[PDB]
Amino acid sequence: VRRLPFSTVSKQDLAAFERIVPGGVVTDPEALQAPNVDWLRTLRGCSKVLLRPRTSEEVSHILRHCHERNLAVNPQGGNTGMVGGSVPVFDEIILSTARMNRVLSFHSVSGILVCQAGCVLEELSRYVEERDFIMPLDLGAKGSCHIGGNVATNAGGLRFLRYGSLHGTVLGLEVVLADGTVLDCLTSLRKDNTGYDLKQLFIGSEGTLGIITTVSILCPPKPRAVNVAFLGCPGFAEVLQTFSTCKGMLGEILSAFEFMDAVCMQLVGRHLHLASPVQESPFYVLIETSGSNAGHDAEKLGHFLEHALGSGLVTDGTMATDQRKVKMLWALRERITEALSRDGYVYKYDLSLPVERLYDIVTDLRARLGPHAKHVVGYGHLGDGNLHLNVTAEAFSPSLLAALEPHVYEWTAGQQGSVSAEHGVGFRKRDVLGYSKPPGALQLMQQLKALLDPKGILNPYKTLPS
């Protein structure tokens, strides 16, 4: 809210930065406009300097200068973050990883990838898929998000159900600390219990403890067969039983279980002009499988589908194994987030709740907000207990905000839930962590912040309470 007492970038700093990163000092005001606006376009900084380093040493030397001079630094990846973490609040220097986009190694047997933090996820998937491997994560933002940003936010995504957390799949990190110190935790070993797992501190630290410059990550083998079932369910009770049966009948081949409601389908059709492949239903379920024997998987899917259609859990369904049609079906889920931001102003919540009542809050909000909201939708990673709750209006209303907050956060807390399951904290949620974290935890976080960045030059105004 109020600017902390940081120094201001002088002409001497610009000349220093040009020496440190020649060719990588952008000061054109119109060029700085885009990197100052977050993905949602509701926060806008006034940074006048963007730095685009190529190597880790350049990053180390930049922070060295910023440390001695007490200049605030805003690390930025793909700028797809959802919580206002990726753009300055005032005039923080934007340090972009855009040019740190080289792959450093890939071991063709272990599947271990070492790459720079600014490699785009989409591009890394292509690289390892040419070598019969896949990334352990995927997101709708794959086209723009940087692997460094994924690690900094501890991104979940669409294959978390199968491959799990970056806390498990990240093997090593190189991090540049606030004072310029290069921390080498860039191991490429599957197992290494020689002291504290220091890298874990930086996974989910959202650039407040250091800038990730190099990532080592374990890539799963590429599946021989990927199948997608897109199913229509007549209610949420059946969605939950479809999930239960899916785990019983598909089991270890399951790689994704996503859901969306009717309004979500309508919004992707209206704003993005993507047609539904099944009959209209109140709820839709996208199931993905990944396995080593295509015939065994297809056999598992067949028996699962026949009984689920037979027991009335699903009303209408379409299956796909052709690469083109799988991506078609995935687009119906992946592009919901785009359709919402085209419907007007979006109030965005990312909650962890008990799966058995994951949708109850959507129905509650629909009764609580009547004609004062345009749409209320619920979708997301049901398999991981993670609901994406969004309310749209043609324009922002302080009334509607007062109706949504703190009510939504209080409901989640009554369920011992998380007020930010995946997207993190950043600027937007810094003052609502008390609904998921007790004061002693939040205090220790501040002590770690004070140890690693005593001057607070890395990402001020985030991601800890005011």
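Quick note: we count residues from 1 along the sequence shown, nothing fancier. Whichever C-alpha set is largest while still superposing within 1.5 Å between the two forms counts as the rigid core.
Taking the rigid core as the alignment reference, the C-alpha atoms of 365-373 lie farther on average from the displayed form in 5 other deposited structures of this protein than those of the other stretch among 365-373 and 265-273. Remark: when the other structures in 5 other deposited structures of this protein are fitted onto this one via the rigid core, 304-312 deviates more than the alternative among 304-312 and 164-172, judged by RMS CA distance. Between 171-179 and 234-242, the higher mean Cα B-factor belongs to 234-242. As listed in the deposited structure, the average C-alpha B-factor of 336-344 and of 287-295 is greater for 336-344. Note on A16, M445, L451, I457: the highest value goes to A16, judged by CA B factor as recorded. Highest CA B-factor among the listed residues (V314, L351, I253, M260): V314.
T412: CA B factor lies in the middle third for its chain, per the PDB record. Among the modelled residues of its chain, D197 has a C-alpha B-factor that falls in the lowest third according to the deposited record. Looking at the C-alpha B-factors along this chain, the one for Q76 belongs to the lowest third. Ranked against the other modelled residues of its chain, the C-alpha B-factor of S420 as given in the entry falls in the lowest third. Sort the modelled residues of the chain by CA B factor and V37 lands in the highest third.
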